[PDB]
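Next comes just one chain, in structure tokens: the form deposited in one PDB entry.
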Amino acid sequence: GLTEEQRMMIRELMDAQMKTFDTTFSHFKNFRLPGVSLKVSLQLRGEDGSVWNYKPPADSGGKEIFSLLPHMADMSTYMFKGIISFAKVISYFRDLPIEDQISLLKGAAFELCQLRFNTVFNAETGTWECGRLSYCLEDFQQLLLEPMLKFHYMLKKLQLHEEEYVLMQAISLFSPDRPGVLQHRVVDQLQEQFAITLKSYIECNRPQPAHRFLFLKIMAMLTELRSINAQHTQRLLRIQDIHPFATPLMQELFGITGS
């Protein structure tokens, strides 16, 4: 019930997503593993049927608390590469000046990573199911006090379509107010078009009373996700200051100069 401009925009996004989101994590390899606030266990299922499980340590006032950071840095880096590839496939993004492309990716990389991670989040088991890797929240309502955690549960409950997730990714990517953006007006117009497309998609394909105000719920979540991004970017920089762990790609995305 959309225009073709809107149908072609969704098709392009869905194409970009299909080409650049390794949903089985098959090519995530050669990552570090822990030596032999909220914590996760890590499970690795081998192609032969073997399983390794890692249960994290407790806080004893020592560096043990950072044992998973190298692994997570490798996972995040793998995800960020996918997010960068996604953006670069999209015509509207490719047409932007390269400095704005970089500014938009620096601004949105965390948000797009979290949106992709929500599609592999199992809310029944509190587990991000990443192909052969599984990350399980360690033991309740104290968990939902963490804003990013409550975000994942609340977004999962909306039961969004693939198309709605990829429009969320576009709206986040084309945010006209990230630091360093110059083509503010063009980006702002592109964002509005993606939001209108999402509003119309929901109107045409979700007539049920449960999906009343769904478009507005999604937009409020995107606003909330940007606020969480700012908080978590500061958390990353504090930990990096006392315990370096960011990969080069993470340093580039989060504004660490190397000097």
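Each residue number is its position in the shown sequence, starting from 1.
The form deposited with a partner chain bound exists for this protein as well; it is not shown, and the discussion that follows is about that form.
> What I'd like checked is whether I84, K88 and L105 together line the partner chain in the bound PDB entry, meaning each has a non-hydrogen atom within 4.5 Å of it.
Yes, all three are in contact.
> Quick one: is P244 in contact with the partner chain in the bound PDB entry, heavy atoms, 4.5 Å cut-off?
It does not: once the partner chain is placed as it appears in the bound PDB entry, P244 has no heavy atom within 4.5 Å of it.
> Find out whether any non-hydrogen atom of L236 is located within 4.5 angstroms of the partner chain in the bound PDB entry, and reply yes or no.
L236: no, not in contact with the partner chain in the bound PDB entry.
> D139 versus the partner chain, in the bound PDB entry: is there a non-hydrogen atom within 4.5 Å?
No - in the bound PDB entry, heavy atoms of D139 and the partner chain never come within 4.5 Å of each other.
> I98: heavy atom within 4.5 Å of the partner chain in the bound PDB entry?
Close contact exists here: in the bound PDB entry, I98 approaches the partner chain to within 4.5 Å, heavy atoms only.
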